Amino acid sequence: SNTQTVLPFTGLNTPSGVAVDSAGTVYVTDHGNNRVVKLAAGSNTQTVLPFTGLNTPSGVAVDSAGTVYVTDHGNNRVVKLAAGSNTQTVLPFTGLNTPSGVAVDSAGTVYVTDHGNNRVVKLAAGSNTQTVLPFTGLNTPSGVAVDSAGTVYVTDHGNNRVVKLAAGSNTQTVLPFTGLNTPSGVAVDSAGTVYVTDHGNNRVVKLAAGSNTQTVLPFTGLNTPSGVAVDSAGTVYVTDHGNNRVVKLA
Amino acid sequence: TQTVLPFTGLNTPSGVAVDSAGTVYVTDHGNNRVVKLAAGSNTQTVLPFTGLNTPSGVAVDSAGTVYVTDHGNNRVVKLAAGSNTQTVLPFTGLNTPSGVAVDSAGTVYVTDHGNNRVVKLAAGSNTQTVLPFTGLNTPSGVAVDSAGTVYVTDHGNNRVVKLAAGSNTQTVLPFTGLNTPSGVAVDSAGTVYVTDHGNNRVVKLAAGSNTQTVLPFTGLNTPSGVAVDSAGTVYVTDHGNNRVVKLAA
Ligand SMILES: [Cu+2]
Ligand SMILES: [Cu+2]
Ligand SMILES: [Cu+2]
Ligand SMILES: [Cu+2]
Ligand SMILES: [Cu+2]
Ligand SMILES: [Cu+2]
Ligand SMILES: [K+]
Ligand SMILES: [K+]
Ligand SMILES: [K+]
Ligand SMILES: [K+]
Ligand SMILES: [K+]
Ligand SMILES: [K+]
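Residue numbers (the authors' numbering), protein chains in the order written: chain A, 1 to 250; chain B, 3 to 251.
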């Protein structure tokens, strides 16, 4: 499909991240409004999630159990909200400096890009101490994604590249993306396709698994894309920072 | 023709400033430090600032005193030129501040970006005052001219807003085609310079004029800050290229 639609979100001020669950519900972090809103599939009235004390929400992720994870830029913390609960929980991350992205794998492990510390940290389910991923040369990590094989994908803002790291591997590889200008967000589907928002180019590129030729998705009117998500049906959701809107493309 | 300044080891720089002596100050944001370069020099010096957390803004007054926006620590640090005396300005309730500026009277203006407001502190004062701006949306840059008029980049509204001294009625500068602007600077002749960050260009608007001009910059990649000296020379931080570019004007 080459025709995008604008999700009926209202009152958006600088959308920063986007996530989608199994039921099609789209979660969006509202940077300028210090809130996280969600919109059910087909619905037109968004609801505000019962988060408390948010300061510049930068990234969002949702697991299979409906738990919503949010990186709090202004508070240097990561909070989570279980399904049906109205009491958030601050994950026991430490030493965070401007958390920019969040991802959760099949085992419940939470991955967080540490913008100010040039590192990616992860926290196993129920663990109290974090571990640092063996990435090297990261310049301002901005986004993170993890596929079904445990491979972690990270957008290198300051290096205009996307690096990946297989599970249990200490050798990182640079994805064959071309012409990248300030990558901001990253997402990967169950088929291995990597989707990356190009902040400096106002475009969204994708790269199939094992491919060396990227493809620019036919999004229109993009102004500073900040986040990207992909659902079960392959629809790509993109937060339009400059336009205060969220678009989707089938 | 433009000139690249011999700065070394820059990592995602944000702010830029220049004093009367032509010394250029830049905020090395990715290195949590502020370095300066004297006019005609190629050896930079690191300012004695300490504990900076993701700093963004930088300004310099007549006496050479340097002000930096400690963005990650929600404060503004002052460094006197005479002694090594450092002082955290008594600002209150700051939330992710971005811009900083200072006028001839020593009043420091800081863009409280997270609160969509601009607050000022008089020289030697402990009580801050919120400027009567209305409808600011994620503002980034702030500047002040000789007459005390405060200029702010309404980054979320893609516009530049000014407010005269004593004025409580703001006016929108007739800029066109702005896309997520970041920095603002003001010269002696009342010319406002704005970094069109989303367009990789630097635009300017003379006093009273309603149409703008684009500065002949080349190879700009996501610019952040802008500064102007006495001779009209424009300095811009090529943030995406980790460099500071000078254009004689
Ligand atoms: Cu950058
Ligand atoms: Cu940074
Ligand atoms: Cu910040
Ligand atoms: Cu903001
Ligand atoms: Cu913006
Ligand atoms: Cu940008
Ligand atoms: K954003
Ligand atoms: K953000
Ligand atoms: K961020
Ligand atoms: K970021
Ligand atoms: K980014
Ligand atoms: K962005």
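In this text, a Cβ means the ideal position worked out from N, Cα and C, and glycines have one as well.
Check                                                                                                                                                                                          : Outcome
Measuring CA to CA, which of B:251, B:218, B:197, B:215 is closest to residue 238 of chain B?                                                                                                  : B:197
Is it right to say residue 100 of chain B is buried, meaning 16 or more other beta carbons lie within 10 angstroms of its own, or is it exposed?                                               : buried
Name the residues in the region 196 to 226 of chain A whose C-beta lies less than 9 angstroms from a C-beta of chain B; which are they?                                                        : 199, 200, 202, 223, 224
So which residues of chain B does residue 181 of chain A contact, with C-beta pairs closer than 9 angstroms?                                                                                   : 223, 224, 242
Quick check on this structure: which residue in B:77, B:10, B:15, B:3 has the alpha carbon closest to the alpha carbon of residue 223 of chain B?                                              : B:15
Determine the contact status of residue 218 of chain A and residue 241 of chain A, defining contact as a CB-CB distance below 8 angstroms.                                                     : no
What distance in whole Å lies between the Cβ atoms of residue 146 of chain B and residue 195 of chain B, which are believed to be in contact at a cut-off of 8 angstroms?                      : 14 angstroms between Cβ atoms; not a contact.
In this structure, does DSSP put residue 185 of chain A in helix, strand or coil?                                                                                                              : strand
Under DSSP, the beta strand (DSSP E) around residue 207 of chain B begins and ends at which residues?                                                                                          : 203 to 207
Report whether the distance from the Cβ of residue 22 of chain B to the nearest heavy atom of ligand 7 is below 7 angstroms.                                                                   : no
Return the residue from the list A:32, A:169, A:123 that minimises the CA-CA distance to residue 135 of chain A.                                                                               : A:169
Please name the residues in the region 54 to 68 of chain A whose beta-carbon is closer than 8 angstroms to at least one beta-carbon of chain B, in chain order.                                : 55, 56
Report buried or exposed for residue 212 of chain A, applying the criterion of at least 16 other Cβ atoms within 10 angstroms of its Cβ.                                                       : exposed
Expressed to the nearest angstrom, what Euclidean distance is found between the alpha-carbon atoms of residue 32 of chain B and residue 139 of chain A?                                        : 8 angstroms
Look up residue 59 of chain B in the DSSP assignment and say whether it is helix, strand or coil.                                                                                              : coil
Run through chain B and tell me which residues come within less than 7 angstroms of residue 74 of chain A, C-beta to C-beta.                                                                   : 97, 98, 116
Taking one C-beta from the region 85 to 101 of chain B and one from the region 115 to 124 of chain B each time, how about it: are there three or more such pairs within less than 8 angstroms? : yes
Between the region 124 to 150 of chain A and chain B, which residues of the former have CB atoms less than 8 angstroms from a CB of the latter, in chain order?                                : 139, 140
Could you please give me the residues that DSSP links to residue 225 of chain A through a beta bridge?                                                                                         : A:240
Going by the beta-carbon positions, is the gap between residue 124 of chain B and residue 61 of chain B smaller than 8 angstroms?                                                              : no
Out of curiosity, what's the CA-to-CA distance linking residue 132 of chain A and residue 121 of chain A?                                                                                      : 4 angstroms
With distances taken from each beta carbon to the nearest heavy atom of ligand 3, which residues come in below 7 angstroms, in chain order?                                                    : A:56, A:73, A:74, A:98, B:56, B:73, B:74, B:98
May I ask you to verify whether the region 200 to 215 of chain A touches the region 4 to 14 of chain A, counting CB pairs closer than 8 angstroms and requiring at least 3?                    : no
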